[PDB]
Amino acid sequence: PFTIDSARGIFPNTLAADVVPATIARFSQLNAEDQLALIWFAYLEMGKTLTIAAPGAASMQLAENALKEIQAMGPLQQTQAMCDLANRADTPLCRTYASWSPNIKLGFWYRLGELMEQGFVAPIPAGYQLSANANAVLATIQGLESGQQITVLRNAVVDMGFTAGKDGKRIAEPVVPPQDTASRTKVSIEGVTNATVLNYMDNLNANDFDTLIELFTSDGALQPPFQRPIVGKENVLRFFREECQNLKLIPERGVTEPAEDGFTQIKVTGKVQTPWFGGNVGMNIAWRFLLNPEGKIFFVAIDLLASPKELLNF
């Protein structure tokens, strides 16, 4: 209850799926052309059983100029551009890409994937064989749960491009209006009646970010899977609006314990669906909340769990 960074240690029994950042770190080592081929291979294979939702209209408009620029290039330059992104080279295209929210980056690649499939953008060379390191990276990915697989792909997409500057322009999709109060569902969590936790889940499921942020302490933080804590209301609200639209949180069960100085720690496990996959992928998630004496959120971590055996009382 003293520092955000120390709160990261609550519920240390929770086995997170650290194969995901392990696998990203291996992937990130690879030659850029192998990075692109590996993801193309993983995307095609995944596409046999799992269809990516179409990118939204707003997102596509925001990426349109950059997409058109690539499509207008000669094939060799197309491949160079894609390699630039994967290598995190400093180019205008890479800087533009880095200004984008994850969803806009994902929609940019969705479009390129389609164009590569159709042959209008330079495809991976015919009969391309992955490097030794890359083949093993792909094998690891394909052995993971689908929730882990899609998190690897997202993290690979988000990592591309080049950031120059701390206060650079941030482009995101427009913010959706909150769900009308009448049509809102309420979660039920075995063992957990805590109104802060329940309001957290319900407000996020309604896209009600302005209500959600009011649950947090001024200095409070939210820690997304495999990322550092996002600290303070401005940054946490920004993150909700840019990256947390249209989720479906399906918490199942939890456990509630005292913490130092009148705090309460609560762990919840359940599933989450992203709008990119809907009900076809349920990620196994834990939430770990540290609530202050008045019930506001000082810290919440969201963990992708190593396996379903990590869900409480499987």
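Numbering starts at 1 and runs along the sequence shown.
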item	value
Absent coordinates for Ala132 in a third or more of other compared entries	no
Other entries lacking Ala89, at least a third	no
Greater mean Cα temperature factor according to the PDB record, 162-170 or 84-92	162-170
Of 211-219 and 182-190, the stretch whose C-alpha atoms average the higher B-factor in the entry	182-190
Peak C-alpha temperature factor (PDB record), options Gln273, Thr51, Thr256, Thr269	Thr51
Top residue by Cα temperature factor, when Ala139, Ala122, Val157, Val197 are compared in the entry	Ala122
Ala32 by Cα B-factor - lowest, middle or highest third of the modelled chain	middle
Third of the chain, ranked by Cα B-factor, where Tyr128 sits	highest
Record-listed C-alpha B factor of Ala58: chain third	highest
Relative C-alpha B-factor of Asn284, binned into the chain's lowest, middle or highest third	lowest
B-factor third for the C-alpha atom of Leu144 within its chain	middle
